[PDB]
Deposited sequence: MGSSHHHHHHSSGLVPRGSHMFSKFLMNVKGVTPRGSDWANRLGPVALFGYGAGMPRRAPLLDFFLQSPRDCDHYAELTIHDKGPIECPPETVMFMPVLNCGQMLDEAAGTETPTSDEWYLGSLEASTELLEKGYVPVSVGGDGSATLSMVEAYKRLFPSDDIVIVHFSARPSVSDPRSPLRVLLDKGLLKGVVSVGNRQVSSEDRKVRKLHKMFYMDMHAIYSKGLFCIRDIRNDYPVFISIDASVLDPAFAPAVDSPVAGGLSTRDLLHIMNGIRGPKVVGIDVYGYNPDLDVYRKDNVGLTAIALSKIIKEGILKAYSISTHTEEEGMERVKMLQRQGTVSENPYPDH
């Protein structure tokens, strides 16, 4: 798409992660992804205006240009690179197709992963799980990639769905699905047939690189109302942050936080979305690692 051109022109030329990072986790690179959601994507911009003070005793630090410097030892920063929104809000109305959102997301993730940033794609419908993990396996076909998937639904009955696509491509050496509460016979047959683990409503303890995929639908509609067909009986924001805290790994391959649609949110009297508040926290503590 001509829409991503300016995003694309930007992702390429970011000064690579240097030798300041030796056997070091990070850095993180952030962008806004808008597939399957309305044309206006705040949330990213809402996350950038949010407190930098984390739940745990580390602090986010946001940079637009490179190179960026590594913190030392015991004093914790968390330097995050803002690549901004995929969609240029000033270069047309020609909104991309699923192939265009994908090819770009694949190209961004690839160009973020090449440089040693941990990619984090925020917004959209969850399609940016497929592309980002596929950029990783392209780069590192030797690395075993697993996925920790948080949603109200397994999101696997449909062959188009991004986890179903990965499983069948044998890119996934395993799927951990957490929070599921809308399970059909389609989801349960595909479950024991691809031997994945699940926890419907301690330590993960693995040496396998973790992709983290977070559907806002996993929370309760009370905390995250801004989803398609919201599913009650869900997680509190704190419930997710707890379980998220306990994810183990040698490294995170990437993070896709999706499912949020401004039009479906419950709003304060000053026009702030409950789901924006909730998810803005979720992204923060997803970066903290």
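- Unmodelled regions (deposited sequence positions with no C-alpha coordinates, counted from 1) are 1-18, 220-230, 319-351.
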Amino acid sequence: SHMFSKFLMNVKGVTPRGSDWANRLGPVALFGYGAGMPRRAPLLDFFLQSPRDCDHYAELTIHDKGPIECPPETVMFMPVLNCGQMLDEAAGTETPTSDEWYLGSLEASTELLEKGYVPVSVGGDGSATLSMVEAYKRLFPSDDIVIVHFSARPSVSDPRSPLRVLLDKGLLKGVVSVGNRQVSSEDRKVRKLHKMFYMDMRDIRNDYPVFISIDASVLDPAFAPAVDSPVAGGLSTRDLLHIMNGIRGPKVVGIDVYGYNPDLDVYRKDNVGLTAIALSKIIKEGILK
From here on, numbers count along this sequence of modelled residues.
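- Taking only CA atoms, the mean B-factor in the PDB entry is higher for 67-75 than for the other of 141-149 and 67-75.
- Comparing the deposited coordinates for 229-237 and 244-252, the stretch with the larger average C-alpha B-factor is 244-252.
- Of the candidates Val80, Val176, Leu106, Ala91, the deposited coordinates give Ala91 the top C-alpha B factor.
- Taking only the listed residues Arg17, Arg268, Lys12, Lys281, the entry reports the highest CA temperature factor at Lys12.
- Ranked by Cα temperature factor within the chain, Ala22 sits in the highest third according to the deposited record.
- In the deposited entry, the Cα temperature factor of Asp215 places it in the lowest third of its chain's modelled residues.
- When the modelled residues of the chain are ordered by C-alpha B-factor, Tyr33 sits in the lowest third.
- Residue-level temperature factors show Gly123 in the lowest third of its chain, judged at the C-alpha atom.
- Among the modelled residues of the chain, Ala222 sits in the middle third by CA temperature factor in this PDB entry.
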